[PDB]
Amino acid sequence: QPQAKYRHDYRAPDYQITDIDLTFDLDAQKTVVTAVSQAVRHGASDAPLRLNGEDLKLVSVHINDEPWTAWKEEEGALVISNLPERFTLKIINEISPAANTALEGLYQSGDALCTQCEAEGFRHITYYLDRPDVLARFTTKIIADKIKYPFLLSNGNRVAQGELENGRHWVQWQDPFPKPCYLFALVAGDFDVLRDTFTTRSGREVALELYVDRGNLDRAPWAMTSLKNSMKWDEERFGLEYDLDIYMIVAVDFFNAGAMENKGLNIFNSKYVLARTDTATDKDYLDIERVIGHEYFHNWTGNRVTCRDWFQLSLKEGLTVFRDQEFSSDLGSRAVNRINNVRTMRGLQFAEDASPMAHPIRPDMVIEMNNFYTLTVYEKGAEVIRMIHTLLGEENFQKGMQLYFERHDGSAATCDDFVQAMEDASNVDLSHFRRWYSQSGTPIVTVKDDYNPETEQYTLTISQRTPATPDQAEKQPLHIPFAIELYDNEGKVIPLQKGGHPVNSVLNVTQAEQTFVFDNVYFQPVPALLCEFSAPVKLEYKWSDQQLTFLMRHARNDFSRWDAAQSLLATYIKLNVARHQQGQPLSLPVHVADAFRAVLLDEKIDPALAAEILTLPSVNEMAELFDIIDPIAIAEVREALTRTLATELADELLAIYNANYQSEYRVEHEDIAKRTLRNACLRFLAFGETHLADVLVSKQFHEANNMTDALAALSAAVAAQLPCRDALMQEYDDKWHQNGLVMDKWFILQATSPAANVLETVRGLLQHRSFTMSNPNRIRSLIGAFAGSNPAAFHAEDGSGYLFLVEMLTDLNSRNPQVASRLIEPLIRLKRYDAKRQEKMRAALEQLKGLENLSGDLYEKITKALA
Ligand code: NA
Ligand code: NA
Ligand code: NA
Ligand code: NA
Ligand code: NA
Ligand code: NA
Ligand code: NA
Ligand SMILES: [Zn+2]
């Protein structure tokens with residue numbers, strides 16, 4: 001029942017706050033906050049100051065040290081009337097970190113106290129202008145028990161400290177950069193601290209401090225290393241240096257999201273900090289690197305230039321995601337990064353864009369802004385930034401970055417400001433391109449071709465449309481950069497030209513329908529279309545199998561080779577799902593299996609690329625091939641396809657598995673790539689002849705000298721239901737039960753198991769010694785993984801998965817609505833399923849709609865879903 005807010009309602013605030021002096025008298029049960037703000041009236045003389053506040057106990061209100069009588073509290077607010085044009089506001093209020101189970105505001109993480117203020121959490125700390133176009137200079141004094149909280153941290157530099165009576169002490173911090181309150185942070189606790197330094201290119205020496213729970217210093221150096229790598233890369237690639245003297249990171253165990261870019265004092269979920277080779281996989285290492293980079297990158301794209309309002313979230317997030325992908329891609333394998341980001345787009349983001357929650361990357365309407373930290377705003381947002389990069393090229397794109405910062409450094413900006421900077425600096429016209437900000441849904445691009453041997457011309461007829469979405473009945477054509485390459489019979493690229501002039505290979509597809517003609521095409525080409533996934537679109541082209549296997553062999557970009565393989569598999573995934581619905585077993589032409597045999601035996605192919613080709617689309621990517629999802633058929637077909645390839649390629653699989661053995665473990669990209677290939681081979685081998693598979697898998701688990709290899713073996717034992725499974729699963733538990741992060745991997749394998757009794761096991765794990773409903777990571781690794789990553793069990797025909805999720809959400813709605821709203825997502829996809837499943841999913845949603853004290857977070861999603 002809160003009301004929707006609308007982007008078109010934006011208005012400049014009636015009051016600004018320029019400076020705020022905060023004091024916290026910290027205690028888990030009762031913290032007392034004193035906030036002295038210097039305010040200035042911009043609006044009308046008679047306009048009251050309206051402060052946001054949630055669950056605060058107001059103690060006093062003074063204006064220039066006069067106790068104020070002209071105020072009132074209303075729902076979510078303190079409204080203060082009859083004010084001068086400039087004045088000092090002082091508010092004292094109380095809060096209770098220990099009661100804060102939602103983990104928004106000031107809360108408790110184990111024995112630590114920490115904050116999360118984005119999007120609107122600072123209002124849970126004191127009454128404030130909790131909107132990101134109000135930027136203020138903060139000073140923060142923190143008073144606490146010295147033994148319990150020996151480290152008292154906030155943004156910026158320490159400027160004062162003292163000791164008090166009765167075992168208390170205090171520290172005061174000042175951050176010279178004006179900031180919106182969402183970037184405020186405070187941490188209090190007892191930590192081990194890893195300290196290091198980075199010297200910027202101009203010579204600024206930056207102290208780096210990573211704070212971790214006592215005992216975890218053995219797991220901190222990789223995050224420190226990645227922080228230095230991120231700082232170096234931002235200098236080399238974007239020309240950006242860190243702007244303060246200290247960079248602090250705190251790893252906390254209780255955190256709803258991944259991490260948070262609070263200026264000078266980032267707060268991280270420990271999953272994105274803590275690694276050592278026996279606890280963390282290669283993928284953990286690269287996610288640490290990604291996320292460390294991402295928060296660092298926000299220092300410019302988010303902090304030095306922030307968001308005018310929350311509808312502009314993608315201005316920081318699309319651009320910072322783009323930056324983290326570029327970082328990862330530059331340091332590591334660009335092809336593997338691009339592949340993975342495309343898998344995410346097509347299999348997860350396209351599903352959101354086809355859901356009741358569909359929105360443009362710059363939303364128009366929001367009820368609960370924490371619901372809009374989405375695949376769309378992030379991943380599609382980054383694809384839009386990448387399109388700009390495609391249209392401008394690197395040099396002009398960097399000119400646009402520089403112009404963006406020159407204009408907006410020190411302020412809150414809009415998506416439109418950013419696009420204008422890019423357009424003005426490059427002289428590329430982005431007026432049509434802007435529609436990508438305002439239109440939801442995934443465009444479908446249909447391509448037909450014609451080769452004319454009399455004129456040696458090749459013609460592409462390209463059409464686009466975006467189907468209506470629930471949020472938008474009106475859709476219009478976009479400016480779609482559509483990259484192509486044309487290949488002759490020997491696999492060489494044909495120069496693109498027309499009328500004697502070269503033609504850019506990025507075509508501008510701007511109309512509902514258009515034709516493009518290329519001259520001097522001396523041989524009928526095989527096209528590579530939408531190269532490097534040049535726009536976030538569904539491609540419709542009538543490929544032959546042979547065109548696709550030809551691209552798998554000859555395409556110049558590794559991405560195109562993988563993508564061609566995906567298009568080849570899509571045909572046969574669809575075929576086999578229809579078969580499955582008719583009771584018929586898997587059918588695959590011999591020449592398809594041969595294409596994958598060729599990948600395995602090709603000596604020149606990068607193993608990173610080979611590994612991706614040999615990784616089948618996930619059940620989520622497979623679901624996107626279909627209008628109506630049959631999750632049981634998809635799961636069974638994926639397995640049958642794995643078993644068919646395991647049998648047909650058994651000898652080649654074992655040979656490549658053995659050839660990529662590595663005795664040394666290194667977190668190095670060539671090594672990672674070999675190991676990904678070897679483990680991609682193991683997945684198939686696990687589905688071969690049982691006794692061979694069992695031996696191979698058990699052996700890898702017991703001989704692994706690193707968690708990447710041990711987990712790959714354990715996961716294969718679960719997936720193929722091998723005899724060794726229960727023993728290996730018990731061993732892992734017995735060894736790792738005290739380590740939450742490591743047990744998350746195990747809860748995911750339990751939740752995603754193909755066993756017939758998976759729900760009964762998942763329910764039993766609610767009582768496991770390593771599980772707790774108080775920890776978001778545990779919740780997501782057991783309950784989220786079941787609902788979101790085991791659609792076949794979640795969607796069991798008896799409706800048991802939906803009932804289970806309802807029960808869990810009934811708890812989480814009151815305990816932690818943000819995590820609840822993450823976990824409801826699979827139920828809101830009901831219209832993609834068959835009538836009988838829809839009926840049960842609607843019944844489940846209607847039960848949740850009637851919960852007493854329904855959170856705004858759930859209410860928004862439930863009302864869209866039931867419409
Ligand atoms: Na201000
Ligand atoms: Na001040
Ligand atoms: Na309130
Ligand atoms: Na690279
Ligand atoms: Na054709
Ligand atoms: Na054709
Ligand atoms: Na437990
Ligand atoms: Zn971010």
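Being surrounded by fewer than 21 Cβ atoms within 10 Å (Cβ to Cβ) and under 21 Å from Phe596 (Cα atoms) is the filter here; which residues of region 661-673 pass it?
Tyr661
Looking only at region 123-143, which residues are farther than 30 Å from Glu165 by Cβ, within 16 Å of ligand 2 (Cβ to nearest atom) and not in a strand (DSSP E or B)?
Listed by number, the residues that qualify are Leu129, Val134, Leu135.
Please determine, by comparing only the residues of region 424-480 that are assigned to a helix (DSSP H, G or I) and within 28 Å of the chain's Cα centre (by Cα), which one is farthest from ligand 2 (Cβ to nearest atom).
Checking each candidate, the answer is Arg435.
Keeping to region 425-434, report how many residues are loosely packed, with under 15 Cβ neighbours inside 10 Å and either closer than 30 Å to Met357 by Cβ or of a type in the set (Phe, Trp, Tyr) (or both).
Selection size over region 425-434: 2.
Quick one: how many residues across region 281-333 are charged (D, E, K, R) and not in a helix (DSSP H, G or I)?
Counting residues in region 281-333 that are charged (D, E, K, R) and not in a helix (DSSP H, G or I) gives 3.
For region 21-32, does any single residue satisfy the condition of being among the hydroxyl-bearing types (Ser, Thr, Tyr), surrounded by 14 or more Cβ atoms within 10 Å (Cβ to Cβ) and in a strand (DSSP E or B)?
Yes - at least one qualifying residue is present in region 21-32.
Of all residues in region 398-424, count the ones that are more than 19 Å from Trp310 (Cβ to Cβ) and either surrounded by 20 or more Cβ atoms within 10 Å (Cβ to Cβ) or of a type in the set (D, E, K, R) (or both).
Selection size over region 398-424: 11.
One line per residue, one yes/no per condition, for (1) surrounded by fewer than 20 Cβ atoms within 10 Å (Cβ to Cβ); (2) more than 18 Å from the chain's Cα centre (by Cα); (3) without any contact (Cβ under 8 Å) to a residue 40 or more places away in the chain:
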| position | (1), (2), (3) |
| --- | --- |
| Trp222 | no, yes, no |
| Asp245 | yes, yes, no |
| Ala251 | no, yes, no |
| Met260 | no, no, no |
| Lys263 | no, yes, no |
| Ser270 | no, no, no |
| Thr279 | yes, yes, no |
| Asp287 | yes, no, yes |
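Taking region 33-63 as the region of interest, how many residues are small (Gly, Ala, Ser), free of Cβ contacts under 8 Å to residues at least 60 places away in the same chain and assigned to a strand (DSSP E or B)?
Residues flagged as small (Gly, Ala, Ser), free of Cβ contacts under 8 Å to residues at least 60 places away in the same chain and assigned to a strand (DSSP E or B) within region 33-63 amount to 2.
So which of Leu227, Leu210, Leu240 ends up being in a helix (DSSP H, G or I) and crowded, with 20+ Cβ neighbours inside 10 Å?
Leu227
So which residues in region 177-191 are within 16 Å of ligand 2 (Cβ to nearest atom) and among the charged types (D, E, K, R)?
Result: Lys179, single match.
Tally time: how many residues in region 752-798 are touching a residue at least 60 places away in the same chain (Cβ under 8 Å), assigned to a helix (DSSP H, G or I) and either out of contact with any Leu (no Cβ under 9 Å at 6 or more places or on another chain) or not assigned by CATH to the domain that holds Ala623 (or both)?
Count: 3.
So which residues in region 728-751 are in contact (Cβ under 8 Å) with a residue 24 or more places away in the chain and aliphatic (A, V, I, L, M)?
Listed by number, the residues that qualify are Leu728, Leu741, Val742, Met743, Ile748, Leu749, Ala751.
With the structure loaded, tell me whether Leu51 is of a type in the set (A, V, I, L, M, F, W, C) and crowded, with 18+ Cβ neighbours inside 10 Å or whether it fails that test.
yes
Does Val79 qualify as being assigned to a strand (DSSP E or B) and either closer than 18 Å to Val33 by Cα or among the polar types (S, T, N, Q) (or both)?
Spelling it out, it is not the case that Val79 is assigned to a strand (DSSP E or B) and either closer than 18 Å to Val33 by Cα or among the polar types (S, T, N, Q) (or both).
Among the helices (runs of 4 or more DSSP H) lying completely within region 523-636, list those that include at least 3 residues that are in the same structural domain as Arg683 (by CATH), away from ligand 6 (no atom under 16 Å from the Cβ) and not aliphatic (A, V, I, L, M).
558-581, 590-601
When residues of region 28-55 are filtered for being of a type outside the set (A, V, I, L, M), more than 16 Å from ligand 2 (Cβ to nearest atom) and more than 11 Å from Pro13 (Cβ to Cβ), how many remain?
Of the residues in that region, 10 qualify.
The values are calculated or read from the model by the stated rules, or taken from the named source; nothing here is a laboratory result. Note: ideal-geometry Cβ built from the backbone for every residue, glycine included; neighbour counts use all protein chains shown.
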